[PDB]
Amino acid sequence: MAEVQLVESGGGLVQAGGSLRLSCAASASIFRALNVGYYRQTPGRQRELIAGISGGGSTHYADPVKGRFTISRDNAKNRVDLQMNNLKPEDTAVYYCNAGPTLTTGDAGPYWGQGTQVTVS
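As recorded in the entry header, the structure was determined using X-ray crystallography to a resolution of 2.1090 Å.

So this is what it looks like as structure tokens:
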């Protein structure tokens, strides 16, 4: 089994309407071929896949974030980015990078990141 070690970055705090960009990277080459998604968790709620990208760049988003979030990848840099625009207070959550999910069903793959805090005033 491939050792994919996910490294997350890009958290912060903004006002309603502001923007953040989360980034997820792994040194394993196979990261480029894997589906990658961002899950978000409210303190006492289940994780939900809100944005996912295929190996080739095909994207799918949860309905609450469509038209505001854009997931993209730079395979040359072994990195996946989630640009979050027009952030709203309900977007406040812990965001988790996940490699290998099934994008239609949202079933998470075996590789998880450490989690990134996002706060919107």
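As for the packing of aromatic side chains
Under the criterion given, the structure shown has 2 aromatic pairs. With a centroid separation of 5.0 Å and 65° between ring planes, the pair formed by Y39 and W112 is classed as edge-to-face. Taken together, the positions of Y39 in strand β4 (residues 36–41) and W112 in strand β10 (residues 111–112) put the pair 73 residues apart, joining distant regions of the chain. Judged by its relative accessible area of 34%, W112 is partly exposed. Within the aromatic cluster, the residues linked to one another by ring pairs are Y39, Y96 and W112. Across from the ring centre of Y96, 3.8 Å away, lies the NZ or CZ of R47, which sits over that ring. One cation-aromatic arrangement involves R47 over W112; the distance from NZ or CZ to the ring centre is 4.4 Å.

Looking at unusual backbone geometry
In this structure, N78 takes a positive phi of about 50° despite not being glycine. Since its relative accessible area comes to 11%, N78 is described here as buried. Positive phi values are uncommon outside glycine, yet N86 reaches one of about 45°. As for its position among the elements, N86 is in the loop between β8 (79–84) and β9 (93–99).

Comments concerning the state of the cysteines
Counted under the stated rule, the structure contains 1 disulfide. Each sulfur of the disulfide joining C24 and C97 lies 2.0 Å from the other. On the sign convention where negative means left-handed, the S-S torsion of about -80° between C24 and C97 marks this disulfide as left-handed. Within this pair, whereas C24 is found in strand β3 (residues 20–25), its partner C97 is found in strand β9, the two being separated by 73 residues in sequence. Overall, the relative accessible area of 0% leaves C24 in the buried class. With a relative accessible area of 0%, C97 lands in the buried category.

Procedures and definitions
- Each chain is numbered from 1 in the order of its written sequence, a scheme that can depart from the entry numbering, and any residue without coordinates is omitted.
- Values reported for side chains reflect all heavy atoms of the structure, with hydrogen atoms and water molecules removed beforehand.
- Residues with missing side-chain atoms are left out of burial classes, side-chain pairs and their counts.
- Note on ring pairs: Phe, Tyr and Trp rings are taken, using the six-membered ring of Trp, and paired if centres are within 6.5 Å. Classes follow the plane angle, with under 30 degrees stacked, over 60 edge-to-face and the rest tilted.
- Numbered from the N terminus, helices here are DSSP runs of H or I no shorter than four residues, and strands are runs of E no shorter than two.
- Summary of the burial criterion: residues with accessible area below 20% of their type's maximum are buried, those above 50% are exposed, and those between are partly exposed, where the area comes from a 1.4 Å probe applied to protein chains only.
- Should the NZ of a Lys or the CZ of an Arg lie within 6 Å of a ring centre and within 35 degrees of the ring normal, that charge is described as sitting over the ring.
- Note on terminology: disulfide denotes any pair of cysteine sulfur atoms within 2.5 Å.

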